Structures are given as C-alpha cells and as structure tokens.
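Undergrad: Sequence, then the experimental structure. Questions to follow.
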There are 2 protein chains.
Amino acid sequence: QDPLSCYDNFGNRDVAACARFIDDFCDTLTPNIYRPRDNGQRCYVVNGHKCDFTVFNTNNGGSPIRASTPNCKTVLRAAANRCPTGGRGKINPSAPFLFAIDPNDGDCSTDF
Amino acid sequence: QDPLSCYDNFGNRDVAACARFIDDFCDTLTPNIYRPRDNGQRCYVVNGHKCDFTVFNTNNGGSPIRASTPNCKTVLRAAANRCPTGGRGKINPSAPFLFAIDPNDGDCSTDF
C-alpha cells in the first residue's frame, strides 16, 4: 500500500460498513484482463448507502493485463483501516493497478 | 430484449465504437453472484471517449444470483443495433438483470 491516499473528511458515510465486501470484490474483478486506462467496478448496497469499488489499470500503454488478487486485498484493507471515508492506492509505486474503496450516498440503480 | 430502451442523454457518442466490448463485458461480469440491488460495471476507453457497461440485479430481495451470459450479449447487441447512443434492457420484463451500454465523453479515471 504505497501510494495510499484517503478521500476527504466531508463524506457522510463510514468505510467500515464497506470492508465486508473487499474479499468479494477482489476475488471477482482482479482475474479480468484490463486494457491500459480501463477500469472495473462493483457497487454494493449497505446502511441506506453504497460502497463503490474500483480496479484501474494506470498504465498508459502496453499489453492488457490482469490484476493481483492478494495485492487488491492488501491495498483495500489498508485503505479501510487508515481512511475513515475510504481511499485508494497501489501495492507499490511501480505497480500498474490502483484499487479504491469508496463509501457513498445513493444506490446502485442510478446513472445507467 | 424487452424492455429495450435507447438513451436520450445530450451529447452521447455513437454506440458503434463500444460494441467490440460486449462479449468481454458479458463474459467477465455475468458469472459473478450479485446480491439484490447490487451491480457490476466496466469502463472501456475508445476514440477519446469511453463506454460504460452495467449489469444490475433489479431484485429487491431473494437469494444473490449470477446473470446470464448469453442474455447479456443478446440485450446489449440489441441496444447496439437499435440505439445509436446506446441503451439498456432486460431479456424479458420479469428477468432479474438489467444490462446497459453507454457511449459517452470522458475517461475511465474519474470519480475514484
């Protein structure tokens, strides 16, 4: 977990309710192959709000690649333990994938 | 493909550039088990815009379930063929999953 950055302190929702979904998100979305600058996401409903998870290939070019399941868990657990309103990061500075865990208002039915 | 509804969103791009991702999206995200009211999404870069795909469990309750891979493809191909700016639908009005294909401006790095 380096870099590891927290979202700001203005959010209304706590990340602790989202930690329960880290394993499911990492297990299901990391085996996919992602093109450079593409992402995969999942949305989970909890406590009248939602938890938005992202895996993002930060590479600008090169081959489409799959992500690391254990690295996803290490990063997102660190974010959940260190960032009360959620956060994002990579396993190490050179790693291609960024992972994010984001508690948000709303639900998983909107914007499509 | 009923309902099958085209988007009206101002400035949407042409869905034709996004059709290439239908099989990848459906193959990768439909086998996951989704709780009622949860979703999975992918964002794909193309032609300086992006393509936002969604699979959404419309059920309010009941056991968490995976989605149909062929139905995902049938619905999204119908959207790509009938809706120049993309759209959304289900295989039939009672089916649990809604699938969407949304060609629109931006990139896959926003909001996380």
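TA: Noted; the coordinates are in hand. Numbering: from 1, shown residues only, chains lettered A, B, ... in the order given.

Undergrad: Could you use CA atoms for every contact and neighbour count after this?
TA: Will do.

Undergrad: what sits up against stretch A:50-66?
TA: With contact meaning C-alpha atoms under 8 Å, 6 or more residues apart in numbering or on different chains, stretch A:50-66 is reached by A:15, A:18, A:25, A:29-45, A:96-108, B:109, B:112.

Undergrad: Next, count neighbours for residue A:11.
TA: Residue A:11 has 15 neighbouring residues, counting by other C-alpha atoms under 10 Å in any protein chain shown.

Undergrad: List the contacts of it.
TA: Applying C-alpha under 8 Å, 6+ apart, we find residue A:11 in contact with A:85, A:104.

Undergrad: same question, residue A:12
TA: Residues touching residue A:12, when contacts are defined by C-alpha under 8 Å, 6+ apart, comprise A:104, A:105.

Undergrad: roughly how far apart are it and chain B?
TA: From residue A:12 over to chain B the distance is 16 Å, taken as C-alpha to the nearest C-alpha, to the nearest Å.

Undergrad: mind checking how far that residue is from residue A:78?
TA: Shown here: residue A:12 relative to residue A:78, a distance of 20 Å by C-alpha to C-alpha, to the nearest Å.

Undergrad: Any buried residues in the helix or strand where residue A:24 lies, and which?
TA: Residue A:24 is part of helix A:22-29, with elements assigned from DSSP states H and E. With burial defined by 16 or more other C-alpha atoms under 10 Å in any protein chain shown, the residues of helix A:22-29 counted as buried are A:22, A:25, A:26, A:28, A:29.
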